[PDB]
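Enquirer:
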Amino acid sequence: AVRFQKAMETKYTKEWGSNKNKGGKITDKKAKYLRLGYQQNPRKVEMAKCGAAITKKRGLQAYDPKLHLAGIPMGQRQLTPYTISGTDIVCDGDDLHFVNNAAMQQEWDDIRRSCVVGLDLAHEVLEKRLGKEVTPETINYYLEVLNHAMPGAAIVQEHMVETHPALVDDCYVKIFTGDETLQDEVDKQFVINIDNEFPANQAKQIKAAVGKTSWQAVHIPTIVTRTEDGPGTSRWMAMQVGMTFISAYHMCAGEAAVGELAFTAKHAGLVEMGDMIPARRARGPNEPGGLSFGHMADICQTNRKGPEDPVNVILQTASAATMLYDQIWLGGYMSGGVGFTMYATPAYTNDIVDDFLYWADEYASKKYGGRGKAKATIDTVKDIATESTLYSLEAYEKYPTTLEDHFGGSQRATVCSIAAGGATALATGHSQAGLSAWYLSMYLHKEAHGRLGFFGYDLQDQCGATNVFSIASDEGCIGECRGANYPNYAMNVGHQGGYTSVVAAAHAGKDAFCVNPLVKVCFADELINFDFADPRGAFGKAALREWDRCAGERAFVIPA
Amino acid sequence: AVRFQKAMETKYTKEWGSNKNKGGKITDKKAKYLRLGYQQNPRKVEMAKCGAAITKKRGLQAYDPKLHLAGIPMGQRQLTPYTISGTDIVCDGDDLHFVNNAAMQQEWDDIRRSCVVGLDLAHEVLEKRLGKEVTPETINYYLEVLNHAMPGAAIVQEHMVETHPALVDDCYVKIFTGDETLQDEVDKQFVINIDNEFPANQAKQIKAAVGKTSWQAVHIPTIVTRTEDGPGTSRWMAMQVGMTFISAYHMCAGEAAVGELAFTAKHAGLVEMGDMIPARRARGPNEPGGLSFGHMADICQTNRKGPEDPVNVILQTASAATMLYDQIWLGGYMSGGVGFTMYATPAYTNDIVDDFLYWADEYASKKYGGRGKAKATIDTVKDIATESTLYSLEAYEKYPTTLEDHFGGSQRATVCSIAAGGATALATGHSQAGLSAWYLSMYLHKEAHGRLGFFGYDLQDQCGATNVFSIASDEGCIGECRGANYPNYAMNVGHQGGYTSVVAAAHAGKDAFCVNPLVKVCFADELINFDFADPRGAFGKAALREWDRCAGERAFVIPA
Amino acid sequence: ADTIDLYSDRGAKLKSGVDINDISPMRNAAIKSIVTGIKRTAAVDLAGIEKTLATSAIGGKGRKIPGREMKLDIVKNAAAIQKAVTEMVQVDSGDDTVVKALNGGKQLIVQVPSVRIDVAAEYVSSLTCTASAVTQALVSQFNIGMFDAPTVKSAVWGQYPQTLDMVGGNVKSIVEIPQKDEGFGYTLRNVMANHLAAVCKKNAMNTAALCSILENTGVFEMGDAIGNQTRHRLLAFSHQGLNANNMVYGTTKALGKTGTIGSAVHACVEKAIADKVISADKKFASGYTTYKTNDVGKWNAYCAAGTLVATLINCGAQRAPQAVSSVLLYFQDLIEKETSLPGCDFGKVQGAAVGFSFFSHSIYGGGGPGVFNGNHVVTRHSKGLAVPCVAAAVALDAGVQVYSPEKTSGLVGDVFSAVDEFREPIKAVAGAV
Amino acid sequence: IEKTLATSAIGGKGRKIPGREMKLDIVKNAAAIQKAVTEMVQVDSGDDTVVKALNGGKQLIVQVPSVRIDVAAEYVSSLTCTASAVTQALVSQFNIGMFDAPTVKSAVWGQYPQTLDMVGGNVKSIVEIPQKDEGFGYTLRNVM
Amino acid sequence: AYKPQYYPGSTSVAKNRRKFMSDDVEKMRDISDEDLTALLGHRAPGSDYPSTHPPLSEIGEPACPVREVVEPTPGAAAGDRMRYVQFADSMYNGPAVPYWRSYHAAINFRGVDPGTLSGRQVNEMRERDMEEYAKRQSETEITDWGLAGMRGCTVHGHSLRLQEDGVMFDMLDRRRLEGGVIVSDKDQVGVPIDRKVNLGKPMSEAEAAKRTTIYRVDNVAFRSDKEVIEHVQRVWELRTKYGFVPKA
Ligand code: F43
Ligand SMILES: C[C@@H](OP(=O)(O)O)[C@H](NC(=O)CCCCCCS)C(=O)O
Ligand SMILES: O=S(=O)(O)CCS
Ligand SMILES: O=S(=O)(O)CCS
Ligand SMILES: [K+]
Ligand SMILES: [K+]
Ligand code: NA
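Chains as they are written, first to last, in the numbering used here: chain A, 1151 to 1710; chain B, 1151 to 1710; chain C, 2 to 434; chain D, 58 to 201; chain E, 8 to 255.
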């Protein structure tokens, strides 16, 4: 059986809207082209009526499907739906554009608005300079005040303006710690309890990496991150951390020791999601270009909930990461317009990549005597990547409906390489081996079909094989530390979220994290608006306009 | 009379909430400290109740006024209101925080989401490479399609995802031109008509500067600018400009000529609001740090509506600019938390700076034989700055209510220097003379009171006099070209919006723009959500939660 | 060891029996002179300052400051200005400072004395010391009062320091500011292809050479010519950039009437076989034979030369630059299909070319070939073996591009082309061995 | 470098990559590493290259030959040529296989090139990267 | 002279790929010069080629040793605009695949600028030179006008299920079956033209399977071309190895 049977039947053999599709088989090679236009699709009709009303109200042309090139509107072929992979949620592509999907926006806001900041260095400043004694009692008062103050409320001065709590209810600070005594003595409202949130083997591995150190998981207001930018996050955090230390430790409200606390919060103790990127694409920290694939994989939380299905971990990671990197980052920040929804949807719709990756992992796990047991060698990579790619390409050839869904070669290439690279990284526990497989898959794919992706798709592809194991200045880089600013990767769709899934594959079901336990624990928190353990489910609920966890709206301070 | 008489009576001689203030004179030197706490103030009570409900709902401490230092809540002194200057709108400080005031957020979004892009070079590409003939008819079709496509809608391909018009109704493109034939022949829905929007002398001055050139004023969606960042604006613009040229001129959808159009839109023909800033404060283009004071003055539109009151032009400019630079930029992007509302409110509340600047302009205009007739010399600067500063300081000393309103020395210093510098620049038509006066005022102020601003207020102050007329690499700069990244100005509250007002003063009632006619015309458009001709009025309406032009909300795609 | 002969831009033998180590950027005296010369050189637009001031067009990008216009007869007084600038830029009379008027005094070339770059972190003193000297000279020559001096300064320096660069200013170099580098070692790689074609007066061989010298010096600064890479880099540099053994020019001439990209591929394979660089490995049942190499560095260098040959004959046939993107791609793809050996730079020329093709034929960014450079995100990915072909292709344009060197590069091209070693670098490099 | 590799603490700022730990006897082999680095950093025998082990082999001082800064735009060849020489020397000294070489490279160079600087790396100068300059002429001014 | 081998493989697909690379392709149909110009859409049929710059004879050219030895094409000498032809080829055994249209250009024509994508393949040349290339690809077995189309925009179709009549969908309906032959009455960007060009009968499914350069599991499976797979793996392995250390 193929995993995409149901989704292809929904898409092509059942009517959607008034598209008149009915019957047939998902293997059929021919189709009807009814030229119904946009009126076959209720969502497009809603859009068209909204556009005409905007044109009239503002006195300036807005959306009109008749303004397509040649005056021939979309829907000459039938307009067909998508199923969120692993679910029965069926929607239009229009429900999955980042602009139209509040969960997608909130995924990015929740990353952008977050940072991790140590406590140990700050406590050392207090001890060294003032001789203060730091105890669970002083920490608990600090955390109570910090949660009042962090959203933008006063604690020292008088007659002060403050942010309105009704607008900033998504802002808070929790703590996590490898010190088990401190974990138990801090008021539970504030604690991300590693033992509660992670399976025992994962908890042990996290605690070994963090030792006895203690950390703050800080989430600044969504309304602020949207007004400002990613580089604002650590600055916002540090202002209110500084204020709270002043009160909680009876300091002068502005003395030299406060300055050393500022340097602690803003630099020495700070873990940002990523750092700045270069001038041509200038952005500061906590923007998607600076986000390493290891950090993105560690933000995703599926591995702590379902490590027994590492393929699902990989697929959910691919979904959260591909949405961010291709839809919001490349298709938004770095370009815009209609953008790149459908370059990304193969990661999380219609069960096609899922079929291919489950197949390749079954192939490798049987061949190498169990999952994760293959040696990281040229021969292993060659084997898994070749047999995976052949399966995947033959599936597109056996099932015309899948070829038509992934109508752009870039989509097909991404799907194939996720399956080949992910299965190889999972078989070997080795991110580099997975990248090597990704590139071999592309090369096979190009020769099979006499085409690959869009005009510029395989820039990184063709640099790819030779740069996997290069040690050159701007080529050598372990996979977990590559990201959206790795030079070859800095421009093009179809890759960044896929590589994130390959990085995740090297660790899924084996390790608690890929590169940063501090990032991993930060996001292990149900109070975070976006569900990082089940991104597909959040995307789907928001596609239906039913997802209810949006933060940052101005509703409270504007008229109806 | 003093212009602040009414506002000081509202603030202190009339009860606000249940603060029990009643009677007395605005010259009285003593006051009662009733220790009513926060419950005297309905807005604080609303905030407290919201915070308590958040704490309970999420199971994690949120706002509570009792978490002030020492457990002593704000409102030990009475909590008193603000009047928006030039109006009868009375509100709390809390209604003026950028987080809580939708008009303030929209002012920034409308700058961040905007750029200007030439048409002449793009048309030259079409003529040179393809031999196309460009006419008003081809331009009109281009502009119709562009206004459909710019918000994120498809023109060329099939089965495409598009942004939902209901979420992007604030996105559009208009044109302006010095070519009067073209201005007449383009469909009026698209045209910012310079002759209709500006007084005749101003229109002539703009046309002389722009010649016969033609320009697009582009405003990308608010929902997008909030998800992304300033550097996204020109990229979004360029994608949809490129798509529209392909269709409107029957090009290959992706040929070498399209690439030269891309370089045109993204570089050669592009006017951004500002460029990138350095690594320590890393941001790309179209962020506040890169915004020159001349551009901010030219964004403000009061001078085209009321040039007969140049002082009002200066004051409205000070209001828009101070809000952005101190509240959102320095108090947000560069710091955060409670932030810097009250460092900024002296520019737009209680009529105090207004009194001082009207006084100083009356002094100078009488002394020098008419407004704008003083020579730009040391003697003129010394005279106006000294006499203005003495008036302003004496006013704080004669009216204890004003001293208590501007309770921080930084506030007082900003107010005095806006008056002295603004009156000097208006008297001389010279931005450099105005800056020199700003600094002399500060120096007098420090000696008069034996204090100036906060710990770090006068970094730029003390560098100030010597750097006005320096020609050193990173010191020399004509005033109009200084901005939030001029080295001495890169950190501190109380200055950037004030200097913007000084720059405006050198041109108000005299010239149509300060530094960039293209920026000036771009914002001369009532369809832009924020009213750049009356920023005080917009701030005030939004303080009352009555301002109804907010863009970018996600309401349409989330549950009620 | 490795020995080559050096040939001119037109195939005349210049030097015989040259050790490749002697054309290294780390040894060759002319490469040192070219690189350090470029670091020291600035172009001053005196006519530009005069016009900026007369029209108060301070800061560029559409700007005009009403009321701040100033009429200074700068070009008329160019001799006095030149003298004052000389005295301010020099450290000691008789040092290696150069200040010369060009184009009737409308421009100056300035080369700051070497010590201003030696006792300094970077090359920016060429811009800053020049701009300060010019500003001071104008204030003195025209008796400019204190209240007007900032106007003059901003006419010269543009919006700096509000901006990181001298936006709208009138002092410029072919190199961009350090802060625009994509990474370590990219400064000398950040020279626009159009600038290079203008410096070399459209001589495609000299353009390729100047660009190759800068690119390969950059690869050294990146740390990517150390140890097991040094010989590899020098082979490709000499073969692609320095016309080693006349492979580039001689093959271009042989193929210049009827040759295609494919002809250039075939010529490269044929020559590698004849010269014993590659040989038959495994014969498949169809008759197709894979090839093996005994010298990766040499095979790679032959591919680098062949890639430039293909550019010269294909873009030369079009008398236009745009096809260089596709030449760089398809030379490699075809030679790999023909031999089963990796193409130039092991895929990295091909990959750069894929993205370059896209970003020169699409909506998303880039532009024509002339806007690219070794620091451009699109074209950086080869270790010096792609952009020299781009610059050569620009030189071959007969008038197709809109954003040509005439549009983008007039000031710096006029100034930098005055320097013989920059304009004629092949001759210079061979003269130093 | 030795500690970074042994703990797979690649890239700094809290990072650890499970499964990529490598145990190399670097400090105890400092003399052999110094000799290999010297031959790679030098251009010509007898030039002004310096490479010396300090503090019991825990550190090297490297001074690249002058030509690497003279025929160069900036000063960064001191960092990059050193980092490349050290990476190559470790791979050869410890017979590191291709699949493990990126681990060694990232232990030396940190997160570069994902980051602009060698974050979490082990080759440093008192001067910061040129891209961090506030303006023209600031590189020599950027020393803590 | 060196005799190229072009590409590995013994399958029909590999043989057909070598035919494309060597321009050893069968002429299938006649298309007049004016009909081709009408389909391309860049100038009126029969009209003079517009120029973007003056002819080389009028303005001469800078001193350059390369210009002295590289002959301009006729279109370059005349100053023609750079114009293009663009094709979309069905994955259901369309004779051409994108990369092989580009190899055909690069091997067999001087002065080409080919671009390969999944759903479109393009070549920009000086206009008169471009027409010679377009004619060769349009008249030979490189193109089947049922399974392929000339599409400068709105290219959607290569990966879609074929119409019931066996023709690849065109959103803009530039060409279609009429009376058993393909006819076309629009230019390549969808502008109606005042003629109807006869582009011949489409190939049968059986002839397409024999002539195609695409592998498909239900025709000639890629899995079965062991030589091509071995070639791909060898190039991958050597690129990988040489990227670590550039040594044989
Ligand atoms: C004008 C270009 C050249 C360019 O720079 N970008 C374009 C167009 C652009 C527009 C199309 C919007 C519209 O329809 O008006 C947008 C959405 C970017 C934007 N401006 O917002 C886009 N492409 Ni394109 N583009 C796509 C794709 C593709 C595929 C489509 C092949 C097909 O058979 O239809 C091909 C490349 C290829 O052949 O591999 C392609 C080409 C092209 N792409 C050709 C137009 C093709 C045509 O004439 O029909 N895109 C894809 O392969 C899938 C994803 C899809 C993107 C939309 C999304 O992700 O939601 C879109 C991404
Ligand atoms: C190349 C470069 O553009 P410029 O050549 O600098 O205009 C760059 N754009 C991009 O990389 C666009 C990436 C997203 C769109 C294409 C995705 S395949 C940028 O805007 O900084
Ligand atoms: O057609 S292009 O590959 O340039 C762009 C695809 S979205
Ligand atoms: O007290 S300080 O001047 O340091 C800060 C004022 S907000
Ligand atoms: K001197
Ligand atoms: K050496
Ligand atoms: Na934002």
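We put the beta carbon where it would ideally sit given N, CA and C, even for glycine.
Near ligand 4, which residues have their beta-carbon closer than 7 Å to a heavy atom?
Expert: Selection output, chain order preserved: A:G1404, B:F1604, B:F1605 and B:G1606.
Enquirer: Check this for me: beta carbons of B:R1208 and A:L1677, under 9 Å apart or not?
Expert: Cβ atoms of B:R1208 and A:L1677: closer than 9 Å.
Enquirer: Compare the beta carbon distance of C:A305 and C:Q241 with 9 Å and say whether it is the shorter of the two.
Expert: Yes, Cβ-Cβ distance for C:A305 and C:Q241 is below 9 Å.
Enquirer: Would you tell me roughly how many angstroms separate the C-alpha atoms of B:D1476 and B:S1651, rounded to the nearest one?
Expert: Taking the straight line joining both Cα atoms gives about 14 Å.
Enquirer: For A:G1519, count neighbouring C-beta atoms within 10 Å of its own C-beta (all shown protein chains included) and say buried if the count is 16 or more, exposed if not.
Expert: Counting Cβ neighbours within 10 Å, A:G1519 comes out exposed, since fewer than 16 surround it.
Enquirer: Measure the beta-carbon distance from C:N191 to C:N376 and round it to whole angstroms, keeping in mind my assumption that it falls under 8 Å.
Expert: Yes, they are in contact, since the Cβ atoms of C:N191 and C:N376 sit about 4 Å apart, within 8 Å.
Enquirer: Taking any Cβ of chain B, which residues in the region 119-141 of chain C have a Cβ under 8 Å from it, in chain order?
Expert: So the close ones are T129, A132, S133, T136, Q137 and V140.
Enquirer: Quick one: list the residues of chain C neighbouring B:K1278, beta-carbon separation under 7 Å, in chain order.
Expert: Those within 7 Å of B:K1278 in chain C are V403.
Enquirer: For C:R69, does the count of other Cβ atoms within 10 angstroms reach 16, so buried, or fall short, so exposed?
Expert: Buried, since its Cβ has 16 or more Cβ neighbours within 10 Å.
Enquirer: Is the beta carbon of A:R1376 within less than 8 Å of some heavy atom of ligand 7?
Expert: Yes, ligand 7 has a heavy atom inside 8 Å of this Cβ.
Enquirer: For a contact meaning CB atoms closer than 7 Å, what does D:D190 contact in chain C?
Expert: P179 and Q180, listed in chain order.
Enquirer: Is any non-hydrogen atom of ligand 3 found closer than 8 Å to the C-beta of A:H1645, if you look at the structure I gave you?
Expert: It does not: the Cβ of A:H1645 is nowhere closer than 8 Å to a heavy atom of ligand 3.
Enquirer: So does the region 1151-1168 of chain B actually touch the region 1496-1507 of chain B, counting three or more Cβ pairs closer than 8 Å?
Expert: Yes: at least three Cβ pairs fall under 8 Å.
Enquirer: Does the Cβ of C:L165 lie closer than 8 Å to at least one heavy atom of ligand 2?
Expert: Checking every heavy atom of ligand 2 against the Cβ of C:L165, none is found closer than 8 Å.
Enquirer: Could you pull the start and end residues of the beta strand (DSSP E) that A:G1409 belongs to?
Expert: Here A:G1409 belongs to no beta strand (DSSP E); instead the alpha helix (DSSP H) covers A1406 to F1413.
Enquirer: Are C:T42 and C:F417 closer than 9 Å when you measure CB to CB?
Expert: A contact, by the Cβ cut-off of 9 Å.
Enquirer: Helix, strand or coil, according to DSSP, for E:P199 in the structure here?
Expert: E:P199 falls in the strand class under three-state DSSP.
Enquirer: Does C:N171 have its Cβ less than 9 Å from a Cβ in chain D?
Expert: Judged by the 9 Å Cβ criterion, C:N171 is not in contact with chain D.
Enquirer: Flag A:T1472 as yes if its beta-carbon sits less than 9 Å from any beta-carbon of chain E, otherwise no.
Expert: So no, A:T1472 is outside the interface.
Enquirer: Please classify residue 1133 of chain B as buried or exposed, where buried requires at least 16 neighbouring CB atoms within 10 angstroms.
Expert: Look at the range of chain B in this structure, 1151 to 1710, and you will see that residue 1133 of chain B is not part of it.
Enquirer: Pairs of beta-carbons, one from the region 1669-1687 of chain A and one from the region 1339-1357 of chain B, closer than 8 Å: are there three or more?
Expert: Touching, no.
Enquirer: Give the interface partners of C:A209 over in chain A, defined as CB-CB distance under 8 Å, in chain order.
Expert: Residues of chain A passing the Cβ test: none, with the nearest at roughly 22 Å.
Enquirer: Please tell me whether C:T164 has its Cβ less than 9 Å away from any Cβ of chain E.
Expert: No, C:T164 does not count as interfacial toward chain E.
Enquirer: If you run the structure through DSSP and keep just helix, strand and coil, what is E:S58?
Expert: Three-state DSSP puts E:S58 in a strand.
Enquirer: Residues of chain C with a CB under 8 Å from the CB of E:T219: which are they?
Expert: Chain C residues near E:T219: none, gap ~18 Å exceeds 8 Å.
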